[PDB]
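All heavy atoms count here, side chains included; hydrogens, waters and symmetry mates do not. Residue numbers begin at 1 in each chain, while the letters A, B, ... track the order of the sequences. Counting convention: from 1, in listed order, for ligands and their atoms alike.
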Amino acid sequence: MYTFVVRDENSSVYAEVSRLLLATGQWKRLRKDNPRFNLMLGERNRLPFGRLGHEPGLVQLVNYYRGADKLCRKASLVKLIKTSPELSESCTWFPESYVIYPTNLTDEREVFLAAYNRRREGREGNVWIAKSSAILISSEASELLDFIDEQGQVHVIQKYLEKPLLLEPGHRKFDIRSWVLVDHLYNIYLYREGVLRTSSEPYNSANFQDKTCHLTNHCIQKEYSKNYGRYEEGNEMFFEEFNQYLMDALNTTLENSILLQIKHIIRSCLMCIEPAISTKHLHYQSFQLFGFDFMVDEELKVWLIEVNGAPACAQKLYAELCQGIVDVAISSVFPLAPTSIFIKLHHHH
Amino acid sequence: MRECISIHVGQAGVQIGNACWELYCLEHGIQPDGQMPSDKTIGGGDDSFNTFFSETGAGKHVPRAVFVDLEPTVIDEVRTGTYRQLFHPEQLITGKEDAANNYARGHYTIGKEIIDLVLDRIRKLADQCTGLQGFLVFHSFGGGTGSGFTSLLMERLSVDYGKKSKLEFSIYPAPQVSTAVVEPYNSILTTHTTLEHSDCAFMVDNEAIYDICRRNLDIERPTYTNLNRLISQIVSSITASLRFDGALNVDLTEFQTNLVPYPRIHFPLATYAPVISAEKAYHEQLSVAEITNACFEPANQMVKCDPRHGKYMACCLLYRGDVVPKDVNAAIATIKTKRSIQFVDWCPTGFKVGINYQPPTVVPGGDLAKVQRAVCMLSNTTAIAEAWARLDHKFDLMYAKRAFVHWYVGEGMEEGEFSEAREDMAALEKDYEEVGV
Amino acid sequence: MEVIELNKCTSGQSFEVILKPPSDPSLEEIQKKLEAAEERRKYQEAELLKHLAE
Amino acid sequence: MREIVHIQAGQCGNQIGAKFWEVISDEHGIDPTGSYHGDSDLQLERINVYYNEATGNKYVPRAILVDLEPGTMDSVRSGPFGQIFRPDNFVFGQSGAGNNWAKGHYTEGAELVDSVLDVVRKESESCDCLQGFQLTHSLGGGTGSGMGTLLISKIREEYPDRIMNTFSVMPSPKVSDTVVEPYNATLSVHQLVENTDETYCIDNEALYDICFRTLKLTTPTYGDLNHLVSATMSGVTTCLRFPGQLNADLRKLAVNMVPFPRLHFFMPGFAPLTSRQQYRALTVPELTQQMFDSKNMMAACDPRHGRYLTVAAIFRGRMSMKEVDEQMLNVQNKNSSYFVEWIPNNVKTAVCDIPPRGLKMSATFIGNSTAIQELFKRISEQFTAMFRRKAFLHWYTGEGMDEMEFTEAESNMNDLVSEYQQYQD
Ligand SMILES: Nc1nc2c(ncn2[C@@H]2O[C@H](COP(=O)(O)OP(=O)(O)OP(=O)(O)O)[C@@H](O)[C@H]2O)c(=O)[nH]1
Ligand SMILES: Nc1ncnc2c1ncn2[C@@H]1O[C@H](COP(=O)(O)OP(=O)(O)CP(=O)(O)O)[C@@H](O)[C@H]1O
Ligand SMILES: Nc1nc2c(ncn2[C@@H]2O[C@H](COP(=O)(O)OP(=O)(O)O)[C@@H](O)[C@H]2O)c(=O)[nH]1
Ligand SMILES: Cc1cc(F)cc(S(N)(=O)=O)c1
Ligand SMILES: [Ca+2]
Ligand SMILES: [Ca+2]
Ligand SMILES: [Ca+2]
Ligand SMILES: [Mg+2]
Ligand SMILES: [Mg+2]
Ligand SMILES: [Mg+2]
């Protein structure tokens, strides 16, 4: 009879996992402060990793990799890409980015301007975007820097993909979401089901003031978009439809044109930090679900946007995926008395 | 030659002292009767082993040790054991009833009545020192004596020996090898009142010693003798510089200078390798780089924690056996490119290396196998603060209900000393977090 | 990767390597505290005997 | 040399104490004449805790027998080991206590208490370092209850910093002598709440139900009920009588078991309890499962109705101490909802290599559980059912007591229940 505690009531994902765990009749939920637990569904911020693996007779498991914030923070991801030789500063799947601290606080202000002045002089598309974890699109560097100073937190400026792949009919932008699960053995499993959070507004390149046809977030389309739900239910096109489209329109498959680049990026990011966050020889074990967001341009090239360390799931995929977490992540360390729904990305540890 | 007086307090301190001086004797070739054939100067001399051993005209080499316990059962074994002849009776001090695992009892109730007696015996060893360096204090956190009387002793030593250094070897509490429930209280009480009196302290987590014995030595249920023989191997590696010829850590002053740039943050993390089981007929002898790389594995640390998520302030590598400088630096390169070793920017990203050619000495019939080379890493990581967090949390759970507080108040301690002590740990944790994040 | 301050003797050697450069209470006060708690024990025992005398 | 002074008072106290010294005497190799004939030095390592050493290597128990009537103690002297007890340590009278707390605490007992303390003082003056005292007695009678608590109150006056331990038999209407037992128990319980550090609650109903249902004894006898108490007493004291990595004196036990001064009433337990299928080997899991089961507990309380503040288990015999740890942590990790979470690691386990006579291995359970409040609830209800009508008060008022003193004892224990109730939530 295994025991677990819940410390993040807002997690839609693990609320289902906890619901499923109890459905097995072999897992028992305890109070969120009872230290005798085999599994912790921990809080997001300030999860006390240092208190794990010190209870005699209990093999404890947590659903977060300590140090994975280096990859799920806008500014941290930039530093990690530029400084890490595995990814190098010339990594070809990540938009040119720079760390820009507001002037009321190292910083790459001048480094960005040099690259900006080079694009402004060479007649090249010089449209950037600023944002932070706590958005403004502009072609004038003056408007991007003045916006950051008006805030009090760190920001990041990166190149804006001006030639994004537009779905038809509609002529609309979009992004792709892939859920990735790493277990205690640091196996990288990719969920066979992705989602395209599409923009219900026709992409427009001569006006970055209105951010409804540029930002493909499920909330902005359902709040600031007028054609929400026209082409697909909930501005979400799953792999089946999107793959059929790539075949009728572009005469190719989602595997060859996009998925190979996605699987290559996932491996590169996770393998890079394996020495820093692995729990191979640690007194407790970790596993964590990740959410990668990619962009696809008109050349069918994939670009990495950001990595989410506490993502939600598409409504139609909560059951399948949640159950999958319980199979390869939890019960793999706490067995119970297919055709995997994942794609194992073999790698060298 | 400057001398070092070692003080063993409580059951843990005395038993650990029993395993260390046993080892000091096998290393320096001192027999149970106190004789040392290799020592050619009879009844004197300022050699390196004289920092820990005095000499009688009859050729006996007497440790510079003081054993204190509020109950006589544990020290009584020493008085009739293998090494009953090394010590003279003045060195062993025993009361008649212990502190009942009660910090207040060992500190106030019983401590007041015997403190002046201990200081007197200590003054006798000091009177045999031409240039006393300082004291090595061995004690437990959970013990009522280890925690209660030690903190009182430290306060007094700072008064009677101002300009002298004081290092601690502290035993961190672990449930698997303890029957006491109130050890978090005692731990946080003694760390609070001992902090400003200790220049450098090496915490050993019994949880770590236990698993190293079960994992490496295949001991299903280790005994204190098993735990202690291992603990003294690390202690020997830490004090080897003071007892043998060398240039690194030659006196106790060099331990704060080399490992503690900030005063309150004086708790280095110890990492030792290799620990091999003697039952193995023969084992592949590990290389310099292999044993070095192990120094950054959590599985050989004296306190289970993740140095990858801290920041180093210093780092000493102590080598014993067949090792040359060329080999050390080679492995160092290979590890920085593979490992996460983030220093604080106001500290040099460097390592101080010590090499002693005599390989580790093993107790005949002990649990550890003979090895050609071994290393002990002393690193000042913010990651050890994890141990304070675990302990402080256990303190919070109980104190929120005032459980067991009456036993302490009943010995004359004020309840306010609890919150005054806990708030000091809260300040200790903040310092680490400020230096690391 | 620099080696500095190499000392060599018959029983070993030591040296330093730099990878990267950077960027009390008196005896009177102790006697008081020890006696203060002893006074709180005497008072507590006094109230127990007072309790038992009643 | 951490000596303990044992005291047994009244009928129940002396008969139980009698069997207690009979059991441990066999375990330490002491015959009925005080001579040692054991085969292991472990039997004598801590032998002076409970025994004095007389001339000719004779071992004399450090026990003081007390009663207001000669009846019961005459049996002990004629009993098996009666000769082993010191002749002068027998202190008794002729008036008796008539199962009356007032007589034992104020009138009859007060005339004899000064002489008992004179013997206690004699045994203490010969103690190198006296740990404390332990008393055996019932609470529903007159001597063990009324005078026993009088002795404790006076011992605490003369030894305020020594530990006071008691083995207290609680009355039950199912195994009852007189209808005033709730009165006597309520009056003594208040004494124990104030002047003892640890009280092993022994409920005669639990003892009865164990003999009848578990032990399959058709018609139990006080002798049967005492065999259990004997085995239990030998279990809880194994830590004090034999060597081991546990050490443990009375003050250390009190400090780790009692988180609050007034909540110092323990539930003891013993395993195995086998009916005569008695030669079967009992596995470490079987020992543990039984040791925590309520049917093996002598407080007549269902622990699953409260929460454990602290728990101490003692295992006896050559066994896999690794396997002991495994099973103990299994019980905590499969029932953690019953252990208060604000006391980390409040379940400790000791091992002893010497099992009880005739058992390959055994396990004794010592629990500080808030469920004990159900016991004091039973006593309080039976008390109030009579006191509300003042029934039988004349027995007590006739000895000098007043109705006021009853209402206070009544309130003193109800408060005790409320204290146990707030710590259960
Ligand atoms: N490593 C090691 N730990 C020990 C040893 N002896 C006791 N301990 C630990 O110390 C803690 C208890 O402290 P003790 O040293 O026994 O207490 P004390 O100093 O004798 O103080 P008292 O309460 O008066 O007995 C427990 O957590 C034990 O695990 C030992 O020999 N070696
Ligand atoms: N360099 C770039 N080029 C093109 N589009 C970009 C871009 N950076 C961001 N976007 C747009 O912004 C959206 C992603 O925003 P971002 O992820 O930075 O904010 P966010 O983290 O609050 C949303 P989420 O965490 O859910 O992915 C995508 O839909 C994408 O279309
Ligand atoms: N377990 C047990 N209980 C007893 C025994 N004798 C009496 N009692 C209980 O003790 C209570 C009466 O106390 P008793 O010892 O007879 O009074 P006293 O001799 O005047 O102190 C009743 O509740 C009885 O059930 C005995 O031999 N064993
Ligand atoms: C190696 C050794 C020697 C010794 F004399 C006593 C011990 S102990 N007290 O830890 O069991 C250990
Ligand atoms: Ca000499
Ligand atoms: Ca000082
Ligand atoms: Ca009379
Ligand atoms: Mg985000
Ligand atoms: Mg002790
Ligand atoms: Mg009777």
Legend entry - Total protein N, O or S atoms, the Mg ion (ligand 10), separation less than 2.8 Å: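 Total protein N/O/S atoms under 2.8 Å from the Mg ion (ligand 10): 1.
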Inset, instruction - Output all residues satisfying side-chain hydrogen bond (donor to acceptor under 3.5 Å, both in side chains) with D:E108, sequence neighbours left out; order by chain, then residue number. - result: D:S95
Inset, instruction - With sequence neighbours excluded, give me every salt bridge (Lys or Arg N to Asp or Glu O under 4.0 Å) pair touching residues 167-187 of chain D. - result: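 Every pair satisfying salt bridge (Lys or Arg N to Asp or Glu O under 4.0 Å) with a residue in residues 167-187 of chain D: D:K174-D:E205.
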Legend entry - Carboxylate-amine/guanidinium contact A:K82 A:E108, below 4.0 Å: yes
Inset, instruction - Please determine which of A:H214, A:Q221, A:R172 meets the side chain to side chain donor-acceptor pair (under 3.5 Å) test together with A:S199. - result: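 Exactly one pass, corresponding to A:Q221.
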Legend entry - Nearest-0.5 Å distance, CG of residue D:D67 to NE2 of residue D:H137: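 Reported to 0.5 Å precision, the distance equals 13.5 Å.
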Inset, instruction - Report the distance from atom CG of A:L80 to atom CZ of A:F94, rounding to the nearest 0.5 Å. - result: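 Taking CG in A:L80 and CZ in A:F94, the distance rounds to 9.5 Å.
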Legend entry - Every N, O or S from the protein that is nearer than 3.0 Å to the Ca ion (ligand 7): D:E111 OE1
Legend entry - Criterion salt bridge (charged side-chain N to carboxylate O under 4.0 Å, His left out) against A:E306, the qualifying member of A:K74, A:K131, A:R177: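 Only one of A:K74, A:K131, A:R177 forms a salt bridge (charged side-chain N to carboxylate O under 4.0 Å, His left out) with A:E306, namely A:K74.
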Inset, instruction - Could you walk me through whether A:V127 and A:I137 pass the side-chain contact (heavy atoms from CB on, under 4.5 Å) test, one step at a time? - result: CA-CA 7 Å; A:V127 173; A:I137 314 174; 3.9 Å; yes
Inset, instruction - Indicate, with yes or no, if the rings of A:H218 and A:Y228 have centres closer together than 6.0 Å. - result: yes
